[PDB]
Amino acid sequence: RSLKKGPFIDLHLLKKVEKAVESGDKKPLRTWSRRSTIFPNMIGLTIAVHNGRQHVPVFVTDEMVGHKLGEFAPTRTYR
Amino acid sequence: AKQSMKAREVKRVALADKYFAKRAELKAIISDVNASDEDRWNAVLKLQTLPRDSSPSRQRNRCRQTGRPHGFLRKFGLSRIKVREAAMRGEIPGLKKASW
Amino acid sequence: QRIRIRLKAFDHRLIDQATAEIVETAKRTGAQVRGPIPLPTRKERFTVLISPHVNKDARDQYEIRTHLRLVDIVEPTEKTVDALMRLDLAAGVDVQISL
Amino acid sequence: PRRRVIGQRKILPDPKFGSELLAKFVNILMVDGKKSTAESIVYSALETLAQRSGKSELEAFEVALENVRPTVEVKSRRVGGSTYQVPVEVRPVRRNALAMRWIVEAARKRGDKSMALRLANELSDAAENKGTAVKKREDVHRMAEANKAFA
Amino acid sequence: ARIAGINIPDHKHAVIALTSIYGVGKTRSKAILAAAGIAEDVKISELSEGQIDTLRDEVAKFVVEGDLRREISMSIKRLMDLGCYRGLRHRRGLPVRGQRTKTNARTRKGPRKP
Amino acid sequence: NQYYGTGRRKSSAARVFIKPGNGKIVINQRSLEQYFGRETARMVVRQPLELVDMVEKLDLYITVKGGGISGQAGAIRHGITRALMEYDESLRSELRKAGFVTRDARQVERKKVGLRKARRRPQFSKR
Amino acid sequence: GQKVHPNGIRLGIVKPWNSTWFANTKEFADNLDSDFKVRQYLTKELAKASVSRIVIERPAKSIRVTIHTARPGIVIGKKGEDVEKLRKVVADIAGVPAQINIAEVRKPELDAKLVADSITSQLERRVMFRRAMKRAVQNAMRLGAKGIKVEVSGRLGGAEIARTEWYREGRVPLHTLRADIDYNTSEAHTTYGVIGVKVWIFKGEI
RNA sequence: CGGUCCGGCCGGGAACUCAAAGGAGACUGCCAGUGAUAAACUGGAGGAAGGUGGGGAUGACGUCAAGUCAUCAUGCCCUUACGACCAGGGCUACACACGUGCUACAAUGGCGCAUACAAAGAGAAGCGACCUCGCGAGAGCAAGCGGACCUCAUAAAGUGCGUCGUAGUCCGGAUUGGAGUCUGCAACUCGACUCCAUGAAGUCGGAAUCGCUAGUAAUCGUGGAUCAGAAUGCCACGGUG
């Protein structure tokens, strides 16, 4: 629901992703930017998204492109 | 309010005067113009490298005397309580109790 | 050309005194005066809670009345212009000079 | 009104017929301050209830009112620890008010298409001494005859 | 009669009768009747069969029928299998679009149970 | 010559000029039927010159601002009564007894703090 | 019940405003804050000068302050050096050039602000509150006041349970808007907390 | 009264609406009757208004150790932390219970086209017209306006014609899917709005209970504060009544 003038992604996460893909398979990416959009060059990486207390590991697939990172890290515990 | 809250507001006002007065206006102009560089204006990434407190939307209007963040009035720059205190003492020009 | 004067104040007695002073300054100078035309009063209103905590039903309603007067001089002799441009009026009165 | 003796407000006459009865009927039928909406309903109903009989309009409306007008009603009373129902004589103004209110509530409790049709049918039934308005008047008179001992 | 949308629309004003198709609202019904050449206030009766064939030819342009149900089921299933926030809200029958769950979730939660 | 009268109601103010002789009524460059589609509004406007027998004996030129249909009709009635008293001044008793010379001072009551309307108070719960 | 502020209810009826400038929305809050800072500095600096009222008016591009005091020689000082020092910092606070006038309070026993200040000073000197209240009432009444009542509240005499006490002489018609009622308050900061003093002085009607 | 592109628009006029300053006016003042020849009460005249004309502000001594130490001020505890900075999250959870509201269950109505009549307000890091593009939210360009001048800003119920014909419907709009707009560094948790699609419950509500005496209730729109954005709340305004 952001305008159609381009998606948003935090710059530090962008540079982390480029350094991770250019250097081959790496460790999970620890990030707090739940608001960043999942881009096609992140397919294959597992980003550890902060959820408030932990960094939830999220293995990115082609079906996730377009979502925000926080959509795969629930912040509230309910049983 | 605490002293740290007032200091935060002061710092935010200062940062908003420093950066967002010219630099961020320029960047948001580059971001909103449809005629310019629909591919790599690079303005969107540069807008987030600026401090967050430089955004004027992060400022909260507080009473100029107590720092209260609720019940603010832009006409007087005071919260409702201090507005009433100054009004009853005759320190706000022209302001008086209304009836109709 | 012609000069119109817009007077603003919170007290109507004060703005009437200022307008009287202006029309005497002009007429005693020998210019013609159209006015003073009482323009509508802009009364801002404010409703505030009078309680420190809750008690929302307890409120005070205040208001500020802004009084407006319009004074026009059709042929402003240099006498009239430099006479009114150095007039001494009350502190609580705002004067505009449009040419 | 604990002490208040109160006068009377000025009701305007009907624009079409010049009757205060019809004006109060429109007032009773009106909802949400929609007087123009109620006047069209009343006028359509009076027209439809005119050709049927033959005695113009106002006359048909008065004939319908004559059958719904209650002469005596009961007033609840708490004296002997139980429900006392003293039959009191109804005043003419309250008579007309009750008749009109009953006719309106009976017309609104009908299955016809439009309120004009419901009103026309209710008034025709009342002129024929039947319907639910006449039913309510007979109910009230029955309840008064039952408690006649408490006058 | 019957349409390429199997469903059988009632015999009433064409603009409202075409709404019975799953996927055709009022706007799309008006658009179908406009692109076909049929008036909106004419009933489904009084319509020639050549005119109903025309309406079928126009409704064939839209994905409006069990096909649309399939595309909606596919999207909700993708959400649920992805495990995103909306997927979890769909799994538990809770409001998906930010509505409050403290009170007033009766459409998604159904009749209340103690 | 013209006989003038100013009528007012809730928010309306009608300027009524009457002239000797015809059945013409012009409200805001429109006829009475054109201006007032509501029959009560026409009955109210025609009302004062019915006690005084004027069918085609007076020409009315009316302008009216503010208010709604009924407020404007009452303002026109008030102005017509005033112009008629200016015209004859012996019709005073009749228009008094009819109740037309009285200015209806019923204005909308203001909204008050803590109330949903002028008098409508919020729903009260005890337990 | 809670009472209306007797000064604010009479503003424009029989009471003048203490700030008499005009400004639009742009400069209204700035002028209000600058007036507050000026009045605060003046009240802190002239604490021992018996200052009862600070009237602030803003001509076209300046500010002039009128200080109503019962000790004008103290505010002015030898060769006006003190009032000059006051003006030179009022000009800094307000930003615009400043001017200061000194108005004498001829009868300090009839000014509610000065009476309240006297009572709070006595309370802080550990003076019995009843004595101070009655002395204030007597001094005001023998000087021709039509009426006066003073009220003190909160841990009077070091009491553990707070109490409100008020003395009244003459006539104090708080419901008459035509009544010239001089009202002001003050707080005494003692070892047991704050004691609030309120003074009403009636000087006739119209 | 002349002129007119028919628009108070332009000469003009100062009449009227209105603007806003001053004044008049209502006092049981007058008449009659009742009444302790009193206070008063009932009615009448005149009058725009009649009996404190309507509404508001105005809240006595005190009561509830009533509310607020989290507006503020103020008489035990912490201090390399109970202080301070930051990012993310939460205050938005959800088996359930209650209070206050909005929308409905329809025909005194829904929809479509045409058309009439308000008041009160706000506006300069603001209101933003006209024109162009867009189905629309909006976008581009760009006047005027610190404003009885310009903008917000098309009042809506109403009225005329047509249709629907008592059905879970051309009622109702919940919910959900897809596509977008704008603000904002940033709409995932957790924004508002638009378009297409879908079309829950609901057919008048048990015990019980609330508001309101006249321009009131009921109903219909309008504006403002807070505010980058976010009103079904609050505060105000008028229409019908």
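So that the names make sense, note that chain A is the first sequence line, chain B the second, and so on, each numbered from 1. Any value given below was found using the heavy atoms of this structure, including those in side chains, with hydrogens, waters and symmetry copies removed.
If you check distances only, the side chain of F:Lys10 does reach the base of H:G241 with a donor-acceptor pair under 3.5 Å. Side-chain atoms of A:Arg35 come within donor-acceptor range of the base of H:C185, with a qualifying N/O pair under 3.5 Å. At a cut-off of 3.5 angstrom, counting only N and O atoms as typed in the model, there is no donor on one side facing an acceptor on the other between the side-chain of B:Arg74 and the base of H:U226. Not a single donor-acceptor contact under 3.5 angstrom links the side-chain atoms of F:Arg119 to the base of H:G215. At a cut-off of 3.5 angstrom, the base of H:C188 holds no donor-acceptor pair with the side chain of A:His67.
When heavy atoms are screened at a 4.0 angstrom cut-off, A:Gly52 is found touching base atoms of the nucleic acid. Residue G:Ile161 is in base contact, counting any heavy-atom pair closer than 4.0 Å across all strands shown. Within 4.0 Å of F:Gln107, counting heavy atoms only, lie sugar-phosphate atoms of the nucleic acid but no base atom. Contact annotation for F:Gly71: backbone-only contact, meaning every heavy-atom pair under 4.0 Å involves sugar-phosphate atoms and none involves a base. E:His90 comes within 4.0 angstrom of the backbone, heavy atoms only, and of no base. Using a 4.0 Å heavy-atom cutoff across all strands shown, D:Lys34 reaches sugar-phosphate atoms only and no base atom. At a threshold of 4.0 angstrom between heavy atoms, the contacts of E:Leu79 are confined to the sugar-phosphate backbone, with no base atom among them. Within 4.0 Å of E:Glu40, counting heavy atoms only, lies no atom of the nucleic acid at all. Using a 4.0 Å heavy-atom distance criterion, F:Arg116 is classed as a sugar-phosphate-only contact. At the heavy-atom level, D:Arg108 lies under 4.0 Å from base atoms of the strands shown. Note on C:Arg65: nothing from the nucleic acid sits closer than 4.0 angstrom, heavy atoms only. C:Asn55 comes within 4.0 angstrom of nothing in the nucleic acid, heavy atoms only. Across all strands, F:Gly114 comes closer than 4.0 Å only to sugar-phosphate atoms, never to a base (heavy-atom distances).
The closest donor-acceptor contact from the side chain of G:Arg155 to the backbone of G:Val194 lies at 3.5 Å or more, if one exists at all. A donor-acceptor pair under 3.5 Å is formed between the side chain of E:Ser20 and the backbone N or O of E:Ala17.
For the OP1/OP2 pair of H:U198 and a distance below 4.0 Å, the side-chain nitrogens and oxygens of E:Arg69 include no atom meeting the criterion. One finds a side-chain N or O of E:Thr101 lying less than 4.0 angstrom from the OP1 or OP2 phosphate oxygen of H:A93. Considering only side-chain N and O atoms, B:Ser55 lies under 4.0 angstrom from the phosphate OP1 or OP2 of H:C185. One finds a side-chain N or O of E:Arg112 lying less than 4.0 angstrom from the OP1 or OP2 phosphate oxygen of H:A97. The side chain of B:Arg84 contributes no N or O atom lying less than 4.0 Å from OP1 or OP2 of H:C72. Between F:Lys111 and H:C237, a side-chain N or O to OP1/OP2 separation shorter than 4.0 Å is absent.
Ring pair B:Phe76/C:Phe46: centre-to-centre distance below 6.0 Å. Centroid-to-centroid, the aromatic rings of F:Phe100 and F:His78 stay 6.0 Å apart or farther.
Because its glycosidic torsion is within 90° of 0, H:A200 is reported here as syn.
In this strand, H:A228 sits stacked on its neighbour H:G229; the base ring centres are under 5.5 angstrom apart and the planes under 30 degrees. Bases H:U219 and H:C220 qualify as stacked neighbours, criterion being ring centres under 5.5 Å and ring planes under 30°. Classification of the H:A84/H:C85 step: stacked, the six-membered rings being closer than 5.5 Å at their centres and less than 30° apart in plane orientation.
For E:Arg97 and H:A230, the CZ to P distance is 21 Å, given to the nearest whole Å. The distance from atom NZ of F:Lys117 to atom P of H:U219 is 7 Å, rounded to the nearest whole Å. When the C1' atom of H:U169 is taken as reference, atom CG of E:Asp10 falls 11 Å away, rounded to whole Å. With rounding to whole Å, E:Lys30 atom NZ is found 16 Å from H:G136 atom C1'. Going from atom CZ of C:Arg45 over to atom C1' of H:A119 covers 13 Å, rounded to whole Å.
Between A:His55 and A:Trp32, the ring-plane angle classifies as perpendicular under the 30° and 60° cut-offs.
With both hydrogen-bonding distances under 3.5 Å, H:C105 and H:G205 qualify as a Watson-Crick or G-U wobble pair.
A negative value of the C1'-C2'-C3'-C4' torsion places the sugar of H:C204 in the southern pucker family. In this entry H:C96 carries a north-puckered sugar, per its positive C1'-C2'-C3'-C4' angle. Regarding nucleotide H:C170, the torsion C1'-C2'-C3'-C4' is less than zero, so its sugar is described as south.
The cationic group of E:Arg69 lies under 6.0 Å from the six-membered ring centre of E:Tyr22 and within 45° of the ring axis, placing it in a cation-pi geometry. By the 6.0 Å and 45° rule, C:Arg45 does not stack over the aromatic ring of C:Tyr62.
A distance of about 45 Å separates the P atoms of H:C78 and H:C185, rounded to the whole Å. Using atom P as the reference point in both H:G109 and H:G238, the two lie 26 Å apart (nearest Å).
A donor-acceptor contact closer than 3.5 angstrom is absent between the side chains of B:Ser55 and B:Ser57.
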